[PDB]
file structure14.pdb (PDB, C-alpha atoms)
MODEL        1
ATOM      1  CA  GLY Y   1       0.000   0.000   0.000
ATOM      2  CA  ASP Y   2       1.089   3.597  -0.661
ATOM      3  CA  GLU Y   3       0.024   7.181   0.122
ATOM      4  CA  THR Y   4      -2.857   8.831  -1.802
ATOM      5  CA  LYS Y   5      -1.297  10.371  -4.944
ATOM      6  CA  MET Y   6      -2.879  13.778  -5.757
ATOM      7  CA  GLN Y   7      -2.610  15.550  -9.082
ATOM      8  CA  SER Y   8      -1.384  19.096  -9.428
ATOM      9  CA  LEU Y   9      -1.213  21.921 -11.939
ATOM     10  CA  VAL Y  10       0.087  25.474 -12.141
ATOM     11  CA  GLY Y  11      -1.730  28.527 -13.394
ATOM     12  CA  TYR Y  12      -2.383  32.221 -12.980
ATOM     13  CA  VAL Y  13      -5.512  33.492 -11.203
ATOM     14  CA  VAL Y  14      -7.486  35.703 -13.660
ATOM     15  CA  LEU Y  15     -10.926  35.614 -11.941
ATOM     16  CA  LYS Y  16     -11.788  34.706  -8.344
ATOM     17  CA  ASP Y  17     -15.099  34.724  -6.497
ATOM     18  CA  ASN Y  18     -16.143  32.954  -3.298
ATOM     19  CA  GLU Y  19     -16.861  29.611  -5.052
ATOM     20  CA  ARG Y  20     -14.278  29.289  -7.811
ATOM     21  CA  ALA Y  21     -11.208  30.690  -9.469
ATOM     22  CA  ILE Y  22     -10.383  30.724 -13.190
ATOM     23  CA  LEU Y  23      -6.747  29.905 -13.919
ATOM     24  CA  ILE Y  24      -4.812  30.531 -17.123
ATOM     25  CA  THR Y  25      -2.250  27.785 -17.839
ATOM     26  CA  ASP Y  26      -0.280  29.194 -20.794
ATOM     27  CA  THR Y  27       3.580  29.391 -20.342
ATOM     28  CA  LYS Y  28       3.747  33.174 -20.120
ATOM     29  CA  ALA Y  29       1.792  35.013 -17.409
ATOM     30  CA  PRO Y  30      -1.331  36.888 -18.654
ATOM     31  CA  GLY Y  31      -0.709  40.463 -19.757
ATOM     32  CA  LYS Y  32      -2.017  43.328 -17.631
ATOM     33  CA  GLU Y  33      -5.014  43.933 -19.995
ATOM     34  CA  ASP Y  34      -6.107  40.275 -19.828
ATOM     35  CA  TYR Y  35      -7.467  41.251 -16.343
ATOM     36  CA  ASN Y  36     -10.189  43.471 -17.930
ATOM     37  CA  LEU Y  37     -11.526  40.636 -20.132
ATOM     38  CA  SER Y  38     -14.876  39.041 -19.429
ATOM     39  CA  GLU Y  39     -15.129  35.361 -18.633
ATOM     40  CA  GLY Y  40     -16.484  34.850 -22.193
ATOM     41  CA  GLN Y  41     -13.523  36.695 -23.716
ATOM     42  CA  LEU Y  42     -11.047  34.700 -21.590
ATOM     43  CA  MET Y  43     -12.779  31.460 -22.741
ATOM     44  CA  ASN Y  44     -12.126  32.543 -26.372
ATOM     45  CA  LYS Y  45      -8.555  33.879 -25.976
ATOM     46  CA  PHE Y  46      -7.179  31.096 -23.716
ATOM     47  CA  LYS Y  47      -9.122  28.119 -25.228
ATOM     48  CA  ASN Y  48      -7.584  24.799 -23.984
ATOM     49  CA  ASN Y  49      -5.375  26.889 -21.588
ATOM     50  CA  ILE Y  50      -8.010  27.485 -18.830
ATOM     51  CA  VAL Y  51      -8.842  25.544 -15.679
ATOM     52  CA  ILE Y  52     -11.739  26.248 -13.321
ATOM     53  CA  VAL Y  53     -10.908  25.411  -9.692
ATOM     54  CA  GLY Y  54     -13.712  24.955  -7.185
ATOM     55  CA  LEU Y  55     -12.830  26.434  -3.767
ATOM     56  CA  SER Y  56     -15.627  24.857  -1.568
ATOM     57  CA  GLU Y  57     -13.114  22.640   0.274
ATOM     58  CA  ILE Y  58     -10.553  25.383   1.116
ATOM     59  CA  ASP Y  59     -11.049  26.838   4.627
ATOM     60  CA  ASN Y  60      -9.943  30.416   3.723
ATOM     61  CA  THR Y  61      -9.188  31.862   0.254
ATOM     62  CA  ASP Y  62      -8.578  35.545   1.179
ATOM     63  CA  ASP Y  63      -4.986  35.409  -0.219
ATOM     64  CA  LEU Y  64      -6.122  33.794  -3.519
ATOM     65  CA  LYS Y  65      -6.152  36.967  -5.632
ATOM     66  CA  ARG Y  66      -6.079  37.938  -9.291
ATOM     67  CA  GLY Y  67      -2.570  37.949 -10.670
ATOM     68  CA  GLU Y  68      -1.228  35.297  -8.314
ATOM     69  CA  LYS Y  69       0.609  32.328  -9.821
ATOM     70  CA  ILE Y  70      -0.405  29.182  -7.924
ATOM     71  CA  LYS Y  71      -0.015  25.433  -7.771
ATOM     72  CA  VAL Y  72      -3.250  23.540  -6.975
ATOM     73  CA  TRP Y  73      -3.759  19.945  -5.799
ATOM     74  CA  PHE Y  74      -6.776  17.795  -6.613
ATOM     75  CA  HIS Y  75      -7.877  14.177  -7.013
ATOM     76  CA  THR Y  76      -9.489  14.327 -10.490
ATOM     77  CA  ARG Y  77     -10.679  16.589 -13.277
ATOM     78  CA  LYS Y  78     -14.362  16.805 -14.003
ATOM     79  CA  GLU Y  79     -15.536  15.955 -17.523
ATOM     80  CA  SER Y  80     -15.883  19.544 -18.634
ATOM     81  CA  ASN Y  81     -14.451  21.983 -21.191
ATOM     82  CA  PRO Y  82     -12.613  23.883 -19.811
ATOM     83  CA  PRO Y  83     -11.536  21.235 -17.315
ATOM     84  CA  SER Y  84     -12.554  21.848 -13.756
ATOM     85  CA  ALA Y  85     -11.621  20.393 -10.411
ATOM     86  CA  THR Y  86     -12.447  20.707  -6.724
ATOM     87  CA  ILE Y  87      -9.075  21.518  -5.151
ATOM     88  CA  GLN Y  88      -7.804  20.331  -1.764
ATOM     89  CA  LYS Y  89      -4.892  22.740  -1.461
ATOM     90  CA  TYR Y  90      -3.056  25.523  -3.164
ATOM     91  CA  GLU Y  91       0.345  27.125  -2.901
ATOM     92  CA  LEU Y  92       1.293  30.674  -3.906
ATOM     93  CA  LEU Y  93       4.293  30.586  -6.306
TER      94      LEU Y  93
ENDMDL
END

call {"tool": "encode", "arguments": {"input": "structure14.pdb", "output": "structure tokens"}}
result
Amino acid sequence: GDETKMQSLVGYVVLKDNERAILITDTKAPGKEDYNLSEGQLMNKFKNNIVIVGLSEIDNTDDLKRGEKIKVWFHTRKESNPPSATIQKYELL
């Protein structure tokens, strides 16, 4: 038997509300003006480079802010486009 292996991914926080955050996962960090785009516009510009992270399981997300680069941990991705996952932990990079 071995320890529970969790998945992880890195991305930049572009939108954050009390229930979820939208992360961009392109190599380069989003440009300053990408932070005035709507969710619909982000979906178009960063197609296949977006992840939605559900924050219901995190005790406090006050420090999870737009512009932060983070690593998130989760068990599995939901069957969605963009992919989405309920995260168990995050780390500010």

call {"tool": "resolve_selection", "arguments": {"input": "structure14.pdb", "expression": "the PyMOL selection byres ((chain Y and resi 23) around 8)", "output": "ChimeraX atom specification"}}
result
/Y:11-15,21-22,24-25,50-53

call {"tool": "residues_around", "arguments": {"input": "structure14.pdb", "residues": "residue Y:7", "least_positions_apart": "2", "cutoff": "12 Å", "atoms": "only C-alpha atoms", "output": "PDB file with C-alpha atoms, in the frame of the given file"}}
result
ATOM      1  CA  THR Y   4      -2.857   8.831  -1.802  1.00  0.00           C
ATOM      2  CA  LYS Y   5      -1.297  10.371  -4.944  1.00  0.00           C
ATOM      3  CA  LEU Y   9      -1.213  21.921 -11.939  1.00  0.00           C
ATOM      4  CA  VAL Y  10       0.087  25.474 -12.141  1.00  0.00           C
ATOM      5  CA  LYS Y  71      -0.015  25.433  -7.771  1.00  0.00           C
ATOM      6  CA  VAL Y  72      -3.250  23.540  -6.975  1.00  0.00           C
ATOM      7  CA  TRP Y  73      -3.759  19.945  -5.799  1.00  0.00           C
ATOM      8  CA  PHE Y  74      -6.776  17.795  -6.613  1.00  0.00           C
ATOM      9  CA  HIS Y  75      -7.877  14.177  -7.013  1.00  0.00           C
ATOM     10  CA  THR Y  76      -9.489  14.327 -10.490  1.00  0.00           C
ATOM     11  CA  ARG Y  77     -10.679  16.589 -13.277  1.00  0.00           C
ATOM     12  CA  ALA Y  85     -11.621  20.393 -10.411  1.00  0.00           C
ATOM     13  CA  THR Y  86     -12.447  20.707  -6.724  1.00  0.00           C
ATOM     14  CA  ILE Y  87      -9.075  21.518  -5.151  1.00  0.00           C
ATOM     15  CA  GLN Y  88      -7.804  20.331  -1.764  1.00  0.00           C
ATOM     16  CA  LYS Y  89      -4.892  22.740  -1.461  1.00  0.00           C
ATOM     17  CA  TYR Y  90      -3.056  25.523  -3.164  1.00  0.00           C
TER      18      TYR Y  90
END

call {"tool": "atom_distance", "arguments": {"input": "structure14.pdb", "atom1": "atom CA of residue Y:49", "atom2": "atom CA of residue Y:32"}}
result
17.2 Å

call {"tool": "atom_distance", "arguments": {"input": "structure14.pdb", "atom1": "atom CA of residue Y:31", "atom2": "atom CA of residue Y:64"}}
result
18.4 Å

call {"tool": "axis_aligned_box", "arguments": {"input": "structure14.pdb", "around": "stretch 44-62 of chain Y", "padding_each_side": "3 Å", "output": "lines of an AutoDock Vina configuration file"}}
result
center_x = -10.5
center_y = 29.1
center_z = -10.9
size_x = 16.3
size_y = 18.9
size_z = 37.0

call {"tool": "atom_distance", "arguments": {"input": "structure14.pdb", "atom1": "atom CA of residue Y:60", "atom2": "atom CA of residue Y:17"}}
result
12.2 Å

call {"tool": "resolve_selection", "arguments": {"input": "structure14.pdb", "expression": "the PyMOL selection byres ((chain Y and resi 19) around 8)", "output": "number ranges by chain"}}
result
Y: 16-18, 20-21, 54-56

call {"tool": "closest_residue", "arguments": {"input": "structure14.pdb", "among": "Y:3, Y:81, Y:26, Y:92", "to": "residue Y:45", "atoms": "only C-alpha atoms"}}
result
Y:26

call {"tool": "closest_residue", "arguments": {"input": "structure14.pdb", "among": "Y:67, Y:1, Y:30, Y:8", "to": "residue Y:91", "atoms": "all atoms listed in the file"}}
result
Y:8

call {"tool": "closest_residue", "arguments": {"input": "structure14.pdb", "among": "Y:82, Y:65, Y:70, Y:57", "to": "residue Y:42", "atoms": "only C-alpha atoms"}}
result
Y:82
